[PDB]
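**Student:** Just dropping this structure here.
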Amino acid sequence: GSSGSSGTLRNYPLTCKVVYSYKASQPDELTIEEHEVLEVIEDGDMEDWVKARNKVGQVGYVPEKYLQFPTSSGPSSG
């Protein structure tokens with residue numbers, strides 16, 4: 001999407017931190033590696049998979065389960 005859309009859901013975009021490395025085996029996926037924070041612009045075609053763009057600019061589908069979203073919980077009251 002060239003200067004077309006940005007995100008109307010999940011308060012996108014959403015910056016995530018790749019905590020678990022994942023070698024892309026498909027041309028539709030995105031090669032990610034630990035210590036690599038990306039920017040989720042879309043929830044991808046699938047639900048479990050999301051669309052993110054790495055520093056290189058490559059955009060592919062990646063597993064959110066491994067993605068470290070900002071929306072955290074934290075410790076208990078006090």
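Residue names in the structure tokens use chain letters A, B, ... in the order shown, residue numbers from 1 in each chain, and ligand numbers from 1 in the order shown.
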List the spatial neighbours of residue A:28 as a PDB file with N, CA, C and O atoms, in the first residue's frame - criterion: any atom at most 10 Å away, only C-alpha atoms, same-chain residues fewer than 2 positions off excluded.

**Tutor:**
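Everything below was put into around.pdb:
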ATOM      1  N   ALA A  24      11.908 -17.391   7.432  1.00  0.00           N
ATOM      2  CA  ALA A  24      10.851 -17.465   6.432  1.00  0.00           C
ATOM      3  C   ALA A  24      11.153 -18.538   5.391  1.00  0.00           C
ATOM      4  O   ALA A  24      12.200 -18.512   4.744  1.00  0.00           O
ATOM      5  N   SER A  25      10.231 -19.483   5.237  1.00  0.00           N
ATOM      6  CA  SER A  25      10.402 -20.568   4.279  1.00  0.00           C
ATOM      7  C   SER A  25       9.584 -20.313   3.016  1.00  0.00           C
ATOM      8  O   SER A  25       9.829 -20.915   1.972  1.00  0.00           O
ATOM      9  N   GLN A  26       8.610 -19.415   3.122  1.00  0.00           N
ATOM     10  CA  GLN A  26       7.753 -19.079   1.990  1.00  0.00           C
ATOM     11  C   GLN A  26       8.040 -17.667   1.491  1.00  0.00           C
ATOM     12  O   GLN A  26       8.453 -16.786   2.247  1.00  0.00           O
ATOM     13  N   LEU A  30       7.930 -13.243   5.973  1.00  0.00           N
ATOM     14  CA  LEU A  30       8.967 -12.247   6.219  1.00  0.00           C
ATOM     15  C   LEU A  30      10.032 -12.790   7.166  1.00  0.00           C
ATOM     16  O   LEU A  30       9.738 -13.164   8.301  1.00  0.00           O
ATOM     17  N   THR A  31      11.273 -12.829   6.691  1.00  0.00           N
ATOM     18  CA  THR A  31      12.384 -13.325   7.496  1.00  0.00           C
ATOM     19  C   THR A  31      12.635 -12.425   8.700  1.00  0.00           C
ATOM     20  O   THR A  31      13.077 -11.285   8.554  1.00  0.00           O
ATOM     21  N   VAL A  59       8.028  -6.573   3.076  1.00  0.00           N
ATOM     22  CA  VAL A  59       6.761  -6.779   3.767  1.00  0.00           C
ATOM     23  C   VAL A  59       6.240  -8.195   3.549  1.00  0.00           C
ATOM     24  O   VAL A  59       6.003  -8.614   2.417  1.00  0.00           O
ATOM     25  N   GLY A  60       6.062  -8.930   4.644  1.00  0.00           N
ATOM     26  CA  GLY A  60       5.570 -10.291   4.551  1.00  0.00           C
ATOM     27  C   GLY A  60       4.744 -10.692   5.757  1.00  0.00           C
ATOM     28  O   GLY A  60       4.604  -9.921   6.707  1.00  0.00           O
ATOM     29  N   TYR A  61       4.194 -11.901   5.720  1.00  0.00           N
ATOM     30  CA  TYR A  61       3.374 -12.401   6.818  1.00  0.00           C
ATOM     31  C   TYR A  61       4.237 -13.071   7.881  1.00  0.00           C
ATOM     32  O   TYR A  61       5.124 -13.867   7.569  1.00  0.00           O
ATOM     33  N   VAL A  62       3.973 -12.744   9.142  1.00  0.00           N
ATOM     34  CA  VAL A  62       4.723 -13.315  10.254  1.00  0.00           C
ATOM     35  C   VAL A  62       3.805 -13.651  11.423  1.00  0.00           C
ATOM     36  O   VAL A  62       2.773 -13.013  11.637  1.00  0.00           O
TER      37      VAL A  62
END

**Student:** Would you list the contacts of residue A:18 as a ChimeraX atom specification, taking every protein, DNA or RNA residue within 6 Å and counting only C-alpha atoms, but skipping same-chain residues closer than 5 positions in sequence?

**Tutor:** /A:34-37,67-68

**Student:** Dump C-alpha atoms for the selected residues as a JSON list (two decimals), in the first residue's frame?

**Tutor:**
[["chain", "number", "residue", "atom", "x", "y", "z"],
["A", 34, "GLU", "CA", 15.40, -12.01, 17.60],
["A", 35, "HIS", "CA", 16.29, -8.44, 18.59],
["A", 36, "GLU", "CA", 14.46, -7.12, 15.52],
["A", 37, "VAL", "CA", 11.64, -4.66, 16.23],
["A", 67, "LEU", "CA", 5.80, -10.89, 18.02],
["A", 68, "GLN", "CA", 6.20, -8.80, 21.17]]

**Student:** In Å, with one decimal, what is the gap from atom CA of residue A:55 to atom CA of residue A:9?

**Tutor:**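 Value for the atom CA of residue A:55-atom CA of residue A:9 distance: 22.7 Å.
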
**Student:** As an exercise, work out the distance from atom CA of residue A:1 to atom CA of residue A:42 in Å and give it to one decimal place.

**Tutor:**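 Calculated distance between atom CA of residue A:1 and atom CA of residue A:42 is 10.3 Å.
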
**Student:** May I have all residues of chain A that DSSP, computed from the backbone, assigns to strand (DSSP E or B), given as a list in words?

**Tutor:** residues 14, 15, 16, 17, 18, 22, 29, 32, 36, 37, 38, 39, 40, 41, 42, 49, 50, 51, 52, 53, 59, 60, 61, 62 and 63 of chain A

**Student:** Keeping C-alpha atoms, export the residues of the selection given above as a PDB file, in the first residue's frame.

**Tutor:**
ATOM      1  CA  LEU A  14       1.850  -1.233  16.139  1.00  0.00           C
ATOM      2  CA  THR A  15       5.564  -1.593  16.872  1.00  0.00           C
ATOM      3  CA  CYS A  16       6.556  -5.070  18.054  1.00  0.00           C
ATOM      4  CA  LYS A  17       9.807  -6.659  19.226  1.00  0.00           C
ATOM      5  CA  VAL A  18      10.783  -9.997  17.683  1.00  0.00           C
ATOM      6  CA  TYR A  22      11.763 -17.236  12.562  1.00  0.00           C
ATOM      7  CA  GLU A  29       6.498 -14.666   4.631  1.00  0.00           C
ATOM      8  CA  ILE A  32      12.549 -12.189  11.120  1.00  0.00           C
ATOM      9  CA  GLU A  36      14.459  -7.118  15.525  1.00  0.00           C
ATOM     10  CA  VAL A  37      11.641  -4.663  16.230  1.00  0.00           C
ATOM     11  CA  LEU A  38       9.198  -4.330  13.334  1.00  0.00           C
ATOM     12  CA  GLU A  39       6.112  -2.222  12.621  1.00  0.00           C
ATOM     13  CA  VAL A  40       2.782  -3.994  12.124  1.00  0.00           C
ATOM     14  CA  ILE A  41       0.696  -2.031   9.624  1.00  0.00           C
ATOM     15  CA  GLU A  42      -1.920  -4.711   8.962  1.00  0.00           C
ATOM     16  CA  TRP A  49      -0.302 -13.953  10.866  1.00  0.00           C
ATOM     17  CA  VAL A  50       0.224 -10.202  10.534  1.00  0.00           C
ATOM     18  CA  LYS A  51       1.782  -7.848   7.984  1.00  0.00           C
ATOM     19  CA  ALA A  52       4.955  -6.056   9.071  1.00  0.00           C
ATOM     20  CA  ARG A  53       7.831  -4.238   7.371  1.00  0.00           C
ATOM     21  CA  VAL A  59       6.761  -6.779   3.767  1.00  0.00           C
ATOM     22  CA  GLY A  60       5.570 -10.291   4.551  1.00  0.00           C
ATOM     23  CA  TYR A  61       3.374 -12.401   6.818  1.00  0.00           C
ATOM     24  CA  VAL A  62       4.723 -13.315  10.254  1.00  0.00           C
ATOM     25  CA  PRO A  63       3.409 -15.120  13.361  1.00  0.00           C
TER      26      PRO A  63
END

**Student:** One decimal, Å: what's the distance from atom CA of residue A:65 over to atom CA of residue A:48, could you say?

**Tutor:**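 Separation of atom CA of residue A:65 and atom CA of residue A:48: 7.4 Å.
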